[PDB]
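Shown next, in structure tokens, is the structure this report addresses.
Keep in mind that the numbers below use all heavy atoms, side chains included, and drop hydrogens, waters and symmetry copies. Every chain is numbered from 1 and lettered A, B, ... according to where its sequence line falls, protein lines coming before strand lines.
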Protein chains: 2
Amino acid sequence: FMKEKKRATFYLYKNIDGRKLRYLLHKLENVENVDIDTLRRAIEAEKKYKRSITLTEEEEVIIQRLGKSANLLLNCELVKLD
Amino acid sequence: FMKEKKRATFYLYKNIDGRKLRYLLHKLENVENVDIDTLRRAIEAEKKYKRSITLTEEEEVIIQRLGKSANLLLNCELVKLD
């Protein structure tokens, strides 16, 4: 129904704060593809840090658009950020 | 040590034969990135078919280059093929 005030939980290879997590999610709005090297690094990284954020309506649709690819893509952005 | 005559085992969303599996692996030699839509589809697909091939020396290095991203990338190629 939208504007559900729910949290999206992610597992990252770095224990980043919500501020950075939210930054990465929004960066995905302009991502069209992921380079093979970046994908390998994100996949091989140990994603053991559980980080969550309560979504705004705008973020809910980004999460819905990405579906199950969200966690990996967020880790890919983190690799690119670093 | 190379030329190990070992099998690489993959899990695909379609029960393709070794002929096609090998085709997809070689196609990855020219892949530089994966589009976001294709990645989501490959991630969300139920990869329940176990398919294996014994690697030639040339294929061993492709597998080594891809590392843990091989299975997902193969599924991405399968999505692109279809």
Side-chain angles (χ1 to χ4, degrees), chain A residues 2 6-14 20-53 55 58-82, chain B residues 2 6-14 20-53 55 58-82:
Chain A
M2 303 298 93
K6 302 186 175 182
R7 296 181 308 159
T9 293
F10 303 109
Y11 295 95
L12 312 163
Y13 73 89
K14 285 177 58 200
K20 184 178 282 188
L21 174 53
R22 210 177 294 278
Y23 167 79
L24 297 179
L25 179 58
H26 291 287
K27 283 285 294 177
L28 295 177
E29 286 284 61
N30 297 120
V31 174
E32 299 300 315
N33 62 65
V34 178
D35 126 89
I36 296 311
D37 186 68
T38 299
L39 183 69
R40 177 184 56 72
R41 291 168 186 273
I43 288 176
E44 302 192 316
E46 192 184 343
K47 298 164 281 294
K48 63 183 177 183
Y49 295 113
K50 176 182 73 71
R51 316 309 291 159
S52 307
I53 50 178
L55 312 169
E58 291 68 37
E59 303 174 331
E60 300 181 325
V61 297
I62 297 174
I63 292 298
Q64 293 176 301
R65 172 170 69 80
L66 299 177
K68 293 180 178 179
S69 67
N71 198 263
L72 184 55
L73 286 178
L74 287 171
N75 276 285
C76 285
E77 275 312 298
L78 191 51
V79 170
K80 292 161 61 182
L81 179 61
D82 297 336
Chain B
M2 303 298 93
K6 302 186 175 182
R7 296 181 308 159
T9 293
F10 303 109
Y11 295 95
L12 312 163
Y13 73 89
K14 285 177 58 200
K20 184 178 282 188
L21 174 53
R22 210 177 294 278
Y23 167 79
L24 297 179
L25 179 58
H26 291 287
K27 283 285 294 177
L28 295 177
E29 286 284 61
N30 297 120
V31 174
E32 299 300 315
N33 62 65
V34 178
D35 126 89
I36 296 311
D37 186 68
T38 299
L39 183 69
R40 177 184 56 72
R41 291 168 186 273
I43 288 176
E44 302 192 316
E46 192 184 343
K47 298 164 281 294
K48 63 183 177 183
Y49 295 113
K50 176 182 73 71
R51 316 309 291 159
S52 307
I53 50 178
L55 312 169
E58 291 68 37
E59 303 174 331
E60 300 181 325
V61 297
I62 297 174
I63 292 298
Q64 293 176 301
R65 172 170 69 80
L66 299 177
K68 293 180 178 179
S69 67
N71 198 263
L72 184 55
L73 286 178
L74 287 171
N75 276 285
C76 285
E77 275 312 298
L78 191 51
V79 170
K80 292 161 61 182
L81 179 61
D82 297 336

Subject >> Among A/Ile43, A/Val31, A/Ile36, residue most engaged with chain B (heavy-atom pairs, under 4.5 Å) >> reply: A/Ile36
Cross-chain donor-acceptor list, chain A and chain B, 3.5 Å limit, no angles:
{"from": "A/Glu32", "atom 1": "O", "to": "B/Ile36", "atom 2": "N", "distance (Å)": "3.0"}
{"from": "A/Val34", "atom 1": "N", "to": "B/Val34", "atom 2": "O", "distance (Å)": "2.9"}
{"from": "A/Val34", "atom 1": "O", "to": "B/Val34", "atom 2": "N", "distance (Å)": "2.9"}
{"from": "A/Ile36", "atom 1": "N", "to": "B/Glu32", "atom 2": "O", "distance (Å)": "3.0"}
{"from": "A/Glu44", "atom 1": "OE2", "to": "B/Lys68", "atom 2": "N", "distance (Å)": "3.2"}
{"from": "A/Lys68", "atom 1": "N", "to": "B/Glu44", "atom 2": "OE2", "distance (Å)": "3.2"}

**OP:** Counting only heavy atoms closer than 4.5 Å, note whether A/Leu28 contacts chain B via side chain, backbone, both or neither.
**Re:** neither
Original post:
CG of B/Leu39 to CG of A/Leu73: how many Å apart, nearest 0.5 Å?
Top reply: 5.5 Å
